[PDB]
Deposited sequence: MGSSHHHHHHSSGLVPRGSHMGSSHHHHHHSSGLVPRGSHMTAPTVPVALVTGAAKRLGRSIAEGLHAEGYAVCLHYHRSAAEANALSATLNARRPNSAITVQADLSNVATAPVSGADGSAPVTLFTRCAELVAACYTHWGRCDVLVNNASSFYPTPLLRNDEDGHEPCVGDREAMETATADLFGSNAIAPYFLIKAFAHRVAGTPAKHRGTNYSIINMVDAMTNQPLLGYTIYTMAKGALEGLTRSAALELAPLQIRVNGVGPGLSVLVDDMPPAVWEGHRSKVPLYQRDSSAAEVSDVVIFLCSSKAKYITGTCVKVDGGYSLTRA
């Protein structure tokens, strides 16, 4: 039988590239989305056309809030994402924690608050609950029926040790996700679940600024003097999920073109 990957925030950009990369290796893919229903469903369509019954889409707000049905908690919503894989395909072999909100939370001058739950939920708390659910399902599976290549990838940030000015909550949340990578790798090793991180520097940079400014930022990357393509990140995620990487756990791989080696 065919292995299953759950990719959060899979609709576009890096998540899509990760979903596509995994699909190209033969994985059936559960495509999580929050607001990008159209893009997610379009991606599912493409993948199901190449290979029937190889893609589904699930909607979830991964912010640390209760939602409307008692109210539904984030944990419950995370458990149902993993469950959707089991209900549809009877398994979940790979989890990619990719979904992530990203915007300023300045230290210096119902916003703020919202911001805390959105940024911490998507980047840190939801990944925790998702890993918990993922692990619970593997533990609950009889050893003889388990998959042979369980892999969890956390999308971190190569640059957060050189924090982006005004992005504290985001930076804090990636710090937490790094901790989750290490703690989960240790605790889930007995179940042969590998937990690793991939950290982009600058990838698929949006040109929503003066062209010369866009160019200024990307030119700072020592290698190629440009931001990465989506595939340049996703191919690494795909390798780490492959059985050739089966001795790697608890580690974060920078995919940053040497950007973290720079100084002001």
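No C-alpha positions are given in the record for the deposited-sequence stretches 1-44, 114-120, 161-173.
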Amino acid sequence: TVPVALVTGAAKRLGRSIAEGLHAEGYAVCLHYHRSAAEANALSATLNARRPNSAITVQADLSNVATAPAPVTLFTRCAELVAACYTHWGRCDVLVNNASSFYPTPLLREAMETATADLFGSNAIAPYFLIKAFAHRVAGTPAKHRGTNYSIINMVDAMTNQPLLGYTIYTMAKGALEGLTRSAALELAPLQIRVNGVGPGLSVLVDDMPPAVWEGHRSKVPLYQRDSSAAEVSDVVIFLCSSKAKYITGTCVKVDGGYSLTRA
From here on, numbers count along this sequence of modelled residues.
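Of the other entries compared for this protein that flank it with modelled residues, all give atoms for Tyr27, so not even a third lack it.
In the record comparison, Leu205 is modelled in each of the other entries of this protein that model the residues flanking it, with no third of them omitting it. On average the C-alpha atoms of 77-85 have higher B-factors than those of the other stretch, with 77-85 and 165-173 being the two compared. A summary of the deposited B-factors shows that, of 138-146 and 123-131, the stretch with the larger mean C-alpha value is 138-146. The PDB entry assigns the greatest CA B-factor among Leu191, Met112, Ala99, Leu186 to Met112.
When the C-alpha B-factors of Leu223, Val65, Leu31, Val198 are read from the PDB record, the largest value belongs to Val65. When all modelled residues of the chain are sorted by CA temperature factor, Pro104 is found within the middle third. Among the modelled residues of the chain, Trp214 sits in the highest third by CA temperature factor in this PDB entry. Ranked by C-alpha B-factor against the other modelled residues of its chain, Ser54 falls in the middle third.
When all modelled residues of the chain are sorted by CA temperature factor, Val2 is found within the highest third. Ranked by C-alpha B-factor against the other modelled residues of its chain, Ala117 falls in the highest third.
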